[PDB]
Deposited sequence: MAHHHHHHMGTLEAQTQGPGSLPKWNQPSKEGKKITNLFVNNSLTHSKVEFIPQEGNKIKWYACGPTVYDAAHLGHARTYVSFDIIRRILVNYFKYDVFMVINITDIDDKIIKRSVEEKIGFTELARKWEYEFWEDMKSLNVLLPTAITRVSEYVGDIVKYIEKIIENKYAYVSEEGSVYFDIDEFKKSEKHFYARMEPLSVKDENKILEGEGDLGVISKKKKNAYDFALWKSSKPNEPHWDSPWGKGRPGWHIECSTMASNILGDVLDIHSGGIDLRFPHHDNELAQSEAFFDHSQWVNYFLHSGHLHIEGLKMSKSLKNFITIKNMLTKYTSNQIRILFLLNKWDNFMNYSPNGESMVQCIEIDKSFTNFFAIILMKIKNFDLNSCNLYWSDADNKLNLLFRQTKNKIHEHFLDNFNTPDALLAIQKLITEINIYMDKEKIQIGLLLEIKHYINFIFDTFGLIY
């Protein structure tokens, strides 16, 4: 009553790592527990494809790429991931009349460039990609069910609106679970599931007349169709928490008439530039492509590894923030050059392989580093401290390789572990 409740999944029969994640449904770090076995069903909101993507977009998709690699490569969860493409939107329609190429052709062009930018940043494609334009029929059926459950109504003009008041009345439903204080139509807060088509706009048939999906209904529809009635993880940037994500929860609860569609809602922090969110509207943005003419994938990923994913970060342009990233990337490149040369030039015939006190001290540091990094990853994917641990280990390996007689097997094993963590970070050396 008056405050939304959250049900932690039961631990019996689940993979239990003791990972804690910052859950927006609880506004707290809570233990992450799969709904089933070691499986993670994960939906992440995708871009609206009418122009080039920028560094703020990169921060969200790279940060969740890192989290996905930690979940899969490091913890060995089984991740089934869906990302949508909003290729029907007011912005796409308006941009297409300006550009005088079909709306489909414009949306497809900027979707293609989005995925090329993701590939350039070594971001893994999701399991499924759901374009609104390929799901309109399913969206209509989804809305039909919400109406049948009495949680939406049809206006005279042919639009369909979600009935917030009817939804709240139900004891099993709470509206705006994540931002309770942020809250033709019955009430102003009602939001469109189906918009009657304006003249000259692209449109689709429905029982209520020609129209387009509303802003939020595609994500509930697509995630529900592929992933079902319980998502382990839903993600997006913090600006989407309300109204978009809270409205997705209400739509999906209305469709299934249950109380918890998402177990863990994860929200990345914004990249700021000169104190403000990097934003197309503010014209303060740097495109991913322009960033990539000056900096590499590794350097950009290090920029993001240095900042906790769920906190905001400041980007100082003109290379100021990238100085440290370039230095770190260079130290990793040089570390690999040196250790590979030491391994290559090692001669078993002329060496002595006695396990010395220096060998033992490096090994002790090595195993300790593994446990420190494990605790950092369990602590809500703390990559800044994990990256620091790798840097400290590399500093000691460099000292060891310069003076001590080297244990070839130990150096190889350390290199393989650092390779393993770098694969988890998405770095390529």
| Wait, which stretches of the deposited chain are just not there in the structure? | 1-19, 203-220
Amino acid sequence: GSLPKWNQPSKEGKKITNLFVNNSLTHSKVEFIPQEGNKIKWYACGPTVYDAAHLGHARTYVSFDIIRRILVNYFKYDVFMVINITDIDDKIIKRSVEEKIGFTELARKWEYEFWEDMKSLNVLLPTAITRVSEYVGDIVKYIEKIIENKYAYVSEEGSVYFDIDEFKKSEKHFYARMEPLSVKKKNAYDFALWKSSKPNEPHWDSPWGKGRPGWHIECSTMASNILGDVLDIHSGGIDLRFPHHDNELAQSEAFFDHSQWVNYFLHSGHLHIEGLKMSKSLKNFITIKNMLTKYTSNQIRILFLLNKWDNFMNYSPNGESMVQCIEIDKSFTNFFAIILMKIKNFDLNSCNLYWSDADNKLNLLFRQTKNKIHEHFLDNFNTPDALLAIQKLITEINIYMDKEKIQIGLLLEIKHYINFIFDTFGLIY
From here on, numbers count along this sequence of modelled residues.
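Take the two forms, find the largest set of C-alpha atoms that superpose within 1.5 Å, and that set is the rigid core.
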| task | Kindly name the stretch, out of 277-285 and 251-259, whose CA atoms are displaced more from this form in 8 other deposited structures of this protein after the core superposition? | result | 277-285
| message | Given a rigid core fit, name the stretch, 338-346 or 223-231, whose C-alphas are on average farther from the form shown here in 8 other deposited structures of this protein. | response | 338-346
| request: Identify the stretch, either 396-404 or 364-372, whose C-alpha atoms have the larger mean B-factor according to the entry. | output: 396-404
| query | Which has the higher mean CA temperature factor in the PDB entry, 186-194 or 223-231? | reply | 186-194
| Residue with maximal Cα B-factor (values as given in the PDB entry) among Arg131, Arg241, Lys109, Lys94 | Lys94
| task | Choose from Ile343, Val72, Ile300, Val262 the residue with the greatest Cα B-factor as stated in the PDB record. | result | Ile343
| request: Just say lowest, middle or highest third for the CA B-factor of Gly158 relative to the other modelled residues in its chain. | output: highest
| message | Sorting by Cα B-factor within the chain, modelled residues only, which third would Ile217 end up in: lowest, middle or highest? | response | lowest
| field | Relative C-alpha B-factor of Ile428, binned into the chain's lowest, middle or highest third | value | middle
| task | Report the third (lowest, middle or highest) to which the CA temperature factor of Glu179 belongs, ranking only the modelled residues of the same chain. | result | middle
| said: Can you tell me whether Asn149 has a C-alpha B-factor in the lowest, middle or highest third compared with the other modelled residues of the same chain? | reply: highest
